[PDB]
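All remarks here apply to the structure that follows.
Read-outs throughout are calculated quantities, based only on the coordinates presented, and are distinct from any laboratory measurement. Here the Cβ is made from the backbone with ideal geometry for all residues, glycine too, and neighbour counts use every protein chain on show.
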Amino acid sequence: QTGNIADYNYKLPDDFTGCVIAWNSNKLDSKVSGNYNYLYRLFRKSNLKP
Amino acid sequence: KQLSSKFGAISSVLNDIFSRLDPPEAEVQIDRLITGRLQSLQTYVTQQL
């Protein structure tokens, strides 16, 4: 897949022999005030090797 | 002239398929193209034999 996270943050190769596991958590990762404890990279000089 | 055959692919050229489609289906398309080319080569080899 080609996108934003898959391009410069975490790229997956053609062969993986596996998959991902995801779930929704709107309580532990969210606080009453602003929760700005996570950062991600979108600018890069070139592509990211997997 | 058998090299200019689509063999079920979008085009007879391989770089366009490599740089256009996603690798999960591009690998299948290249596999089909190269196995068609191998079948044609085997037919030519049998005729030469």
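Per-structure values
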| read-out | value |
| --- | --- |
| Given charges at beta-carbon only (K, R positive; D, E negative), |dipole| of chain B in Debye | 280 debye |
| Order of A:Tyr36, B:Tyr44 - criterion: other Cβ atoms within 10 Å of each residue's Cβ, fewest first | A:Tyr36, B:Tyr44 |
| Dipole of the protein assembly as shown, positive end: most advanced residue of A:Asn37, B:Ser19, A:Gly3 [Cβ charges, Cα centre] | A:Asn37 |
| Test item: Cα-centred dipole of the protein assembly as shown, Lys/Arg +1 and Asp/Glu -1 on Cβ, debye | 320 debye |
| Interatomic Cα distance distribution for the protein assembly as shown, bins of 5 angstrom, percent | 2, 9, 13, 13, 12, 12, 10, 8, 6, 5, 4, 3, 2, 1, 1, 0, 0 |
| Within chain A: Cβ-based charge dipole about Cα centre, in debye rounded to nearest 20 (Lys, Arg +1; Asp, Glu -1) | 280 debye |
| Chain A - Rg and Dmax from Cα coordinates, angstrom | 14.6, 42 |
| Label-point separation, B:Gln42 to A:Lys11 (7 Å along Cα→Cβ), nm | 3.6 nm |
| Rough spin-label spacing in nm, given labels placed 7 Å along Cα→Cβ, for A:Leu39 and A:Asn4 | 1.7 nm |
| C-alpha center-to-center spacing [region A:1-45, region B:1-45] in angstrom | 35 Å |
| Dimensions (Å) - chain B, Cα atoms, principal axes, largest first | 40, 18, 14 |
